[PDB]
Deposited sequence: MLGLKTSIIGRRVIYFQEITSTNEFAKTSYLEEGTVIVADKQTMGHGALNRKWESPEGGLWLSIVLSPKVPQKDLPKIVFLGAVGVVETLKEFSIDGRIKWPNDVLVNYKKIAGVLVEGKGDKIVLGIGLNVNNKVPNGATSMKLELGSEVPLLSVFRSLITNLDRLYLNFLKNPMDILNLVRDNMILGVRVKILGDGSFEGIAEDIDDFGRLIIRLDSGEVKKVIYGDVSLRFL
């Protein structure tokens, strides 16, 4: 009844009034590539009003490219936000902020790779965070956001399978750079850009250049 016209992402959609975690369900269950798991709320990941979903992916691309899947989610969210005239910017490598307030988070877990996305739409949010409703000053049709995001993600994914390096330029043009950050042992410096592997390039005050790979660290803006 949804009439989705995507190639892979959204071939099937499993909707839940409530679920513990869309990522856990997607990881555990036997699902086909492109299947989207979406729930009104998550009890053990996410209140009603937000967009909580996970996508099952099985990209046949060199192992060296797999680490960029998180970027597909971040860029997809930024593109959807722009469609709704909201200025979302990427906090390397998995979050999207609006005026430095978190509006969305991406979590990839993995053969079968699960791309999880949580976006604040009409739900109440934690202090310091924001939502589409708070930014636009009015409720936003959740289904419209879902349709927009799925369409963007499908296009981004299909191109990623053919041109795995393309996503990097989209990330660069939509990410927060040129400001000081703290990488948590722990160091500070200017976030200059991301390299050809998606690593965050940081210039320390000493002049030293460090390359950050995600997985074992956290980024804090100063």
Parts of the chain sequence, as deposited, that carry no C-alpha coordinates in this structure: 46-54, 120-121, 196-197
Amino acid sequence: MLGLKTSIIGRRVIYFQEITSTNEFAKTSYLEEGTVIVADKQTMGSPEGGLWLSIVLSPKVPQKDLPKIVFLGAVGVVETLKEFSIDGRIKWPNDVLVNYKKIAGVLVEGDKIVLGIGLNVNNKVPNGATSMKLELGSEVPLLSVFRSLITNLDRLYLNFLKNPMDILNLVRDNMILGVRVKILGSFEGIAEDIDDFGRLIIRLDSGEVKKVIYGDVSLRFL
From here on, numbers count along this sequence of modelled residues.
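Take the two forms, superpose them, and find the largest set of C-alpha atoms that agree within 1.5 Å; that set is the rigid core.
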Segment of greater CA departure in 4 other deposited structures of this protein, 150-158 or 53-61, core superposed: 53-61
Greater Cα displacement in 4 other deposited structures of this protein once the core is superposed, comparing 31-39 with 175-183: 175-183
Comparing 58-66 with 36-44, the one whose average Cα B-factor in the PDB entry is higher: 58-66
Mean temperature factor over C-alpha atoms, higher-scoring stretch between 127-135 and 92-100: 127-135
Among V75, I86, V140, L149, single out the one with the highest C-alpha B factor in the record, please. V140
Candidate residues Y157, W52, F187, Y30, the one whose C-alpha B factor the record puts highest: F187
So, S206's CA B-factor, relative to its chain, sits in which third? The highest
Chain third (lowest, middle, highest) by recorded CA B-factor, residue given as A26: lowest
Ordered by C-alpha B-factor within the chain, which third holds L177? Give me lowest, middle or highest, please. middle
Among the modelled residues of its chain, does the C-alpha B-factor of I183 lie in the lowest, middle or highest third? highest
Where the record places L161 (Cα B-factor, split into thirds across the chain): highest
